[PDB]
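Down below is the structure, laid out as structure tokens.
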Number of protein chains: 2
Amino acid sequence: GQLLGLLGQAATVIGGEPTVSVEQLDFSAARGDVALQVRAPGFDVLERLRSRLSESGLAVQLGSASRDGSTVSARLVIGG
Amino acid sequence: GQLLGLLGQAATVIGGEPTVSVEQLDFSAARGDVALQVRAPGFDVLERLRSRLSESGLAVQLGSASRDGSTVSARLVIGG
Ligand SMILES: [Br-]
Ligand SMILES: [Br-]
Ligand SMILES: [Br-]
Ligand SMILES: [Br-]
Ligand SMILES: [Br-]
Ligand SMILES: [Br-]
């Protein structure tokens, strides 16, 4: 039982990004992962966030991205 | 936009409790709160966790508790 700590680290890293907002999350104790629906100004900020999460030791996948107006929405799955 | 940081602090505090497991959570960016379905050995551990969360500066409510076998299930709502 450590997954909520993973969301802790992700919370620090994502908190370090002013341009990113977390619209949704899907915490699955069964699957052993947590999904974050996040929004950013562009895809490069999203890749910066995935890189920072991966460098902090977390297993992270970034996908399901699409631009909607002035922002881009994507899914960051933390956990392995 | 600071609610995910609230889940960060709650993640530290709850991580400091070996007897407590987080079975569910309900992250509501709209309502400005997050709900945690947690399990513990007894109600006193639950009140210890609510007290530690409240003392760390978080607004927390503990309720909807019921014993089911050897453990007790309850709802901790963080956010105000
Ligand atoms: Br946010
Ligand atoms: Br871009
Ligand atoms: Br991980
Ligand atoms: Br846990
Ligand atoms: Br008790
Ligand atoms: Br709060």
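Any read-out appearing in this document is the output of simple, stated calculations on the displayed coordinates, not a laboratory observation. When we count neighbours, we look across all protein chains shown, and the Cβ atoms used for this are built from the backbone with ideal geometry, even at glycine.
Of all residues in the range A:36-59, those satisfying the criterion of being more than 15 Å from ligand 1 (Cβ to nearest atom), touching a residue at least 24 places away in the same chain (Cβ under 8 Å) and either out of contact with any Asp or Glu (no Cβ under 9 Å at 6 or more places or on another chain) or small (G, A, S) (or both) are A:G42, A:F43, A:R50, A:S56, A:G57, A:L58. Looking across the range A:61-80, the residues that are free of Cβ contacts under 8 Å to residues at least 40 places away in the same chain and assigned to a strand (DSSP E or B) come down to A:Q61, A:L62, A:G63, A:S64, A:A65, A:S66, A:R67, A:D68, A:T71, A:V72, A:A74. Among the numbered conditions (1) more than 13 Å from chain B (Cβ to nearest Cβ); (2) touching a helix residue (DSSP H, G or I) at 6+ places or on another chain (Cβ under 9 Å), the only one that A:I78 does not meet is (1). Residues that are touching a helix residue (DSSP H, G or I) at 6+ places or on another chain (Cβ under 8 Å) and small (G, A, S) within the range B:35-65 comprise B:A40, B:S56, B:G57, B:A65, listed in sequence order.
Inside the range B:16-42, residues that are facing chain A (nearest Cβ under 10 Å), assigned to a loop (DSSP other than H, G, I, E, B) and of a type outside the set (A, V, I, L, M) make up a count of 1. Taking the range A:14-37 as the range and being farther than 17 Å from B:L6 by Cα and more than 16 Å from ligand 4 (Cβ to nearest atom) as the test, the residues that pass are A:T19, A:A35, A:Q37. The single residue among A:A59, A:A35 that is within 27 Å of B:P18 (Cβ to Cβ) and touching a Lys or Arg at 6+ places or on another chain (Cβ under 7 Å) turns out to be A:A35.
Residue by residue, here is whether (1) surrounded by fewer than 17 Cβ atoms within 10 Å (Cβ to Cβ); (2) under 16 Å from B:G8 (Cβ atoms) holds:
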residue: B:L36; (1), (2): no, yes
residue: B:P41; (1), (2): yes, no
residue: B:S51; (1), (2): yes, no
residue: B:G57; (1), (2): yes, yes
residue: B:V60; (1), (2): no, yes
residue: B:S66; (1), (2): yes, no
residue: B:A74; (1), (2): no, no
residue: B:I78; (1), (2): no, yes
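Quick check: is even one residue across the range B:50-64 within 16 Å of ligand 4 (Cβ to nearest atom) and within 11 Å of chain A (Cβ to nearest Cβ)? No, every residue in the range B:50-64 fails to be within 16 Å of ligand 4 (Cβ to nearest atom) and within 11 Å of chain A (Cβ to nearest Cβ). Check whether at least one residue in the range A:10-30 is touching a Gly at 6+ places or on another chain (Cβ under 6 Å), under 20 Å from B:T12 (Cβ atoms) and among the small types (G, A, S), and report yes or no. Yes; the residues of the range A:10-30 include at least one that is touching a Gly at 6+ places or on another chain (Cβ under 6 Å), under 20 Å from B:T12 (Cβ atoms) and among the small types (G, A, S).
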